[PDB]
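Trainee: Please find the sequence and an experimentally derived structure below.
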Amino acid sequence: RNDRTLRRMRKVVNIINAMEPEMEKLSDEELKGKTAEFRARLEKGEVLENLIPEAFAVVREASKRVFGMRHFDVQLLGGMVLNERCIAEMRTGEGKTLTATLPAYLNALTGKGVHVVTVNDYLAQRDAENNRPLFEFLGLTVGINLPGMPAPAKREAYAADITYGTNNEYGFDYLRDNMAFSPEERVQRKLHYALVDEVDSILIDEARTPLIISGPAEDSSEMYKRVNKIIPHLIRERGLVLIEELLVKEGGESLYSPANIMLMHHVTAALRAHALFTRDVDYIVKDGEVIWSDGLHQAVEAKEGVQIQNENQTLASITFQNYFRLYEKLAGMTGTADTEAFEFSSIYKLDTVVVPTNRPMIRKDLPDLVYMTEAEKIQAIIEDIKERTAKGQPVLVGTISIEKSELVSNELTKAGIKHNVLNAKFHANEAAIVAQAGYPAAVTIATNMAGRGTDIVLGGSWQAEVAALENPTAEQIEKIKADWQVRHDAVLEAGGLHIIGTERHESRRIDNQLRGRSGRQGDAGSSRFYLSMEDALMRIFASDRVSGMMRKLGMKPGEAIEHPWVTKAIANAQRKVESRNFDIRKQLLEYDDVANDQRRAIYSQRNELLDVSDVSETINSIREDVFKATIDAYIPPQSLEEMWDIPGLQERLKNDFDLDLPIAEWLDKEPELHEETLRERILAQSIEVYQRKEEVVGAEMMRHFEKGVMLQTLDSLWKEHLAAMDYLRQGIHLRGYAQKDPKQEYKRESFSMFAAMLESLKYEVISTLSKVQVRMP
């Protein structure tokens, strides 16, 4: 890791820089042609990574001509990092935007597409539109993906060499591609390269945010009707023994758990709407309706024979994490937050890299200061502000709440320090203050600072000064720049922006984001964090004496020392809280792996179906398994004749497979028969009746109706399964309790239920193709 991979990349950077004159000599057309040359070399078997130096140099030259921007060495380093499965930490102002142009080019060369993942659509459109001329200069096409975009335009967007889009719409496009009924319906290609704009939020904070496609269901009016057909048998354990037995329908064992809940909230409702809601008494039936709660309304409609009011359910679901783990290559960017490299490597095998700034980082991060009380802390803070503003140095003070901002505001005013508070209610004022936030001695209080935030220009923004002018002359802009130079230089001499944190937050990342506001692009700066024994943060030592021992080092109302071990102790606490968080996270991700693997498995199988034209083989093969398994249920393999249930098999075949065979007559006529030949008879009859229907309809039509039925049934059982899993998982605050562990039983019932779903899949597919009505000559 380390400078170990950084010096490797610096070596390459030297090669790229060394390449510059070469690239300066080439024509526009020769630069354009480079892409084709690289692609020809890749086709002829060159390793992409070997092209990094040249390709980057080409891109940089292209940017020099097109944008008039020459990527810095560190941008090249970042681009090289982003070629790996790595997270690139790039300080604010280091031009994450421009840097990202490099690995997009490089990973487009293989001709398999690039997905640039933005935080929102505006940036996707902006970056796409702004970068379009660069990549066309180098003979590549750029796509933009938006929610609500027509499928052909989405297809166009994904078929372009480099695509820009948001995280969400990519995920929804995946779900929709995995709801397609033909491969031409797909919008995406094979998921090749994903570059994610803010991985802190997107891959960590939003890791578990579900992306969901919902719809009106379909499988209403079913389960309900069959559950309804069972209850009127019942009279005022038995009843329960009788109920479970009476499912020559859904489900050895055993409604009651863990899965067969569905059935429970389905039954207690059959039942519950029979003696519990009296017919024309508690409600009325008018105009095909019942005129409720928990499946109970739908049951009444099943009982009274009404149209059941089928209603939204989840059709498709995925977390960001589980979607992005599908890409062949994955990379991302963030602000100097990170702190979680090992987490990214654990969860994603993403190594993270701190990319050095173009100019040196010269912010002085001073040691944390600790006081007995809030009041003394505040006093020291006031004193610090007073000293630095006395030097002409501007200050940004960060607080943890509006009340604290007010508190410090009042105190500063009490001390005669002019300042402005940034109030979330007043956006115009915020922008107006931030314009002057870096003016000599300016003092600004911010509450729970957002993230990255508007650059605060040291000495003020002269650019806002001209944007202010009514009718800007030439010599006004000289007075302005000259004055600005002096202010900027004076502020730089006074030490740049000072950052004051009045508390530390429970999460240090917030502190790092506050602190990140100073020292940008090599500007001078400093930071200081202050703490007290009555800070919220000083609660996490869950012990009054313990925290109360620090009071014996004394502090002396303003005669403090600084103990560099305190800062380490504090950082250690916060990294232990973070470790605690990660332990919890890993546990939750262990639960997520079940559904993730289930989805992955089912979608792999679904796409196997989708990718093939002709499902004959699969049909025949699962036909064998289904009928074999089905006969086995009435004729146990290698058992005696007295165990056979022929009426059961004749009813089951007629009812579920529309196949009326004289098996009783077969057995009683030839004592020659034997199982295998009976199984072959049934098979042969089903086959010939089916091939007859094919001869009625045609081959092509059979292949395509087969596919459709496979997919429809797959989808329907999947959506049902998602819901069963949903109820199962949410049910786990009453199922796993007294002594025995929850989880583990969960994975068992998940696997059991998923297995059940695949065999039911086979059964229902074959049943459907066997029951489909054709007018037989």
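Mentor: Cool, got the structure. Numbers count the residues shown, from 1 in each chain.

Trainee: which parts of stretch 418-436 are buried?
Mentor: By neighbour count on 16 or more other C-beta atoms under 10 Å, the buried set for stretch 418-436 is 419-423, 430, 433-436. Quick note: C-beta positions are derived from backbone N, CA and C, even for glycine.

Trainee: Now render those as a markdown table, adding secondary structure and distance to residue 5.
Mentor: Shown next, in a markdown table, are the buried residues of stretch 418-436 (DSSP: H, G, I helix; E, B strand; the rest coil; distance: C-beta to C-beta, whole Å):
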| residue | secondary structure | distance to residue 5 |
| --- | --- | --- |
| 419 | coil | 45 |
| 420 | strand | 44 |
| 421 | strand | 44 |
| 422 | coil | 40 |
| 423 | coil | 45 |
| 430 | helix | 41 |
| 433 | helix | 42 |
| 434 | helix | 37 |
| 435 | helix | 41 |
| 436 | coil | 42 |
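
Trainee: Among those residues, which one sits closest to residue 88?
Mentor: Proximity of the buried residues of stretch 418-436 to residue 88 was ranked by C-beta to C-beta; the top entry is residue 434 with 27.2 Å.

Trainee: which residue sits closest to that closest one, ignoring its sequence neighbours?
Mentor: The spatially closest residue to residue 434, leaving aside those adjacent along the chain, is residue 454, at 5.1 Å (C-beta to C-beta, 6 or more residues apart in numbering).

Trainee: Tell me the spacing between residue 64 and residue 381.
Mentor: In this view, residue 64 and residue 381 are 47 Å apart by C-beta to C-beta, to the nearest Å.

Trainee: Which one's more surrounded, these two?
Mentor: The neighbour comparison of residue 64 against residue 381 (other C-beta atoms under 10 Å) goes to residue 381, with 22 against 15.

Trainee: Residue 2 - how many residues pack around it?
Mentor: 8.

Trainee: Tell me the one among the buried residues of stretch 418-436 nearest to residue 560.
Mentor: The closest of the buried residues of stretch 418-436, once distances to residue 560 are taken by C-beta to C-beta, is residue 419, at 24.3 Å.

Trainee: ok, that closest one touching residue 439?
Mentor: No - if you go by C-beta atoms under 8 Å, residue 419 and residue 439 don't touch, sitting 11.8 Å apart.

Trainee: Can you pull the phi/psi pair for residue 354?
Mentor: Reported as degrees, to the nearest 10, the phi and psi values for residue 354 are phi -90, psi 110.

Trainee: And the one 3 residues further on, by the same measure?
Mentor: Backbone torsions of residue 357, given as degrees, to the nearest 10, read phi -70, psi 150.

Trainee: again with residue 350
Mentor: Torsion angles, degrees, to the nearest 10, at residue 350: phi -100, psi 120.

Trainee: Spatially nearest residue to it (excluding sequence neighbours)?
Mentor: In space, and not counting its chain neighbours, residue 350 is closest to residue 344: 4.2 Å by C-beta to C-beta, 6+ apart.

Trainee: Next: residue 389.
Mentor: The spatially closest residue to residue 389, leaving aside those adjacent along the chain, is residue 441, at 4.2 Å (C-beta to C-beta, 6+ apart).

Trainee: now do residue 609
Mentor: Ranked by C-beta to C-beta, 6+ apart and with sequence neighbours excluded, the top spatial neighbour of residue 609 is residue 710, at 5.4 Å.

Trainee: Show me which parts of stretch 57-77 are buried, residue by residue.
Mentor: 57-63, 66-67, 71-72, 74-77.

Trainee: Just flag the most distant two among those residues.
Mentor: Longest span within these, C-beta to C-beta: 66 and 77, 21.8 Å.

Trainee: Please give the element, helix or strand, for the residue nearest to residue 609.
Mentor: Using DSSP states H and E, residue 710 sits within helix 699-730.

Trainee: next helix or strand past that helix?
Mentor: Next along from helix 699-730, by DSSP H and E: helix 745-771.

Trainee: and that next one, what other elements does it pack with?
Mentor: Contacting helix 745-771 under the criterion 3 or more C-beta pairs under 8 Å, 6 or more residues apart in numbering; DSSP states H and E are the following elements: helix 564-611, helix 616-632, helix 646-657, helix 675-697, helix 699-730.

Trainee: Tell me the buried residues in that helix?
Mentor: For helix 745-771, a neighbour-count test (16+ other C-beta under 10 Å) marks 746, 749-750, 753-754, 756-757, 760-770 as buried.

Trainee: Stretch 687-700 now?
Mentor: Under the neighbour-count criterion of 16+ other C-beta under 10 Å, stretch 687-700 has 690, 693 buried.

Trainee: can you give me the helices in the stretch 1-150 of the chain?
Mentor: Along the stretch 1-150 of the chain, counting by DSSP state H, counting those that start in this stretch, helices occupy 2-18, 20-25, 28-43, 52-66, 73-83, 96-99, 101-108, 121-137.

Trainee: Run through the neighbouring helices and strands of the third one.
Mentor: So the one you mean is helix 28-43. Judged by 3+ C-beta pairs under 8 Å, 6+ apart, helix 28-43 is in contact with helix 52-66, helix 121-137.

Trainee: Show residues contacting that helix.
Mentor: Applying C-beta atoms under 8 Å, 6 or more residues apart in numbering, the contact partners of helix 28-43 are 23, 26, 46, 48, 51, 54-55, 58, 61-62, 65, 109-111, 137-140.

Trainee: ditto for the last one
Mentor: By C-beta under 8 Å, 6+ apart, the surrounding residues in contact with helix 121-137 are 28, 31-32, 59, 62-63, 65-67, 97, 100-101, 104-105, 108, 116, 118, 141-147, 161-162, 164-166, 169, 197.

Trainee: and if we set it to 7 Å?
Mentor: 28, 31-32, 62-63, 66-67, 97, 101, 116, 118, 142, 144, 146, 161-162, 164-166 (C-beta atoms under 7 Å, 6 or more residues apart in numbering).

Trainee: Give me the buried entries from the residues you listed.
Mentor: Buried members of the contacts of helix 121-137, scored by 16+ other C-beta under 10 Å, are 31-32, 62-63, 66-67, 101, 116, 118, 142, 144, 146, 161-162, 164-166.

Trainee: Now residue 518: phi and psi?
Mentor: Dihedral pair for residue 518: phi -100, psi 150, per degrees, to the nearest 10.

Trainee: Kindly report the same for residue 194.
Mentor: Per-residue torsions, residue 194: phi -120, psi 120 (degrees, to the nearest 10).

Trainee: what's around the closest residue to it other than its chain neighbours, how many residues?
Mentor: In space, residue 194 comes closest to residue 327 once its chain neighbours are excluded; the distance is 4.3 Å by C-beta to C-beta, 6+ apart. Residues lying near residue 327 (other C-beta under 10 Å) number 19.

Trainee: dump the residue contacts of residue 204.
Mentor: Residue 204 makes contact with residue 340 under the criterion C-beta under 7 Å, 6+ apart.

Trainee: what about 10 Å?
Mentor: For residue 204, the contact set (C-beta atoms under 10 Å, 6 or more residues apart in numbering) comprises 198, 320-321, 334, 337-338, 340, 343-344, 347-348, 509, 582, 585.

Trainee: same deal with residue 564?
Mentor: By C-beta under 10 Å, 6+ apart, the neighbours of residue 564 are 367-368.

Trainee: Could you check how far it is from residue 558?
Mentor: According to C-beta to C-beta, residue 564 and residue 558 sit 20 Å apart.
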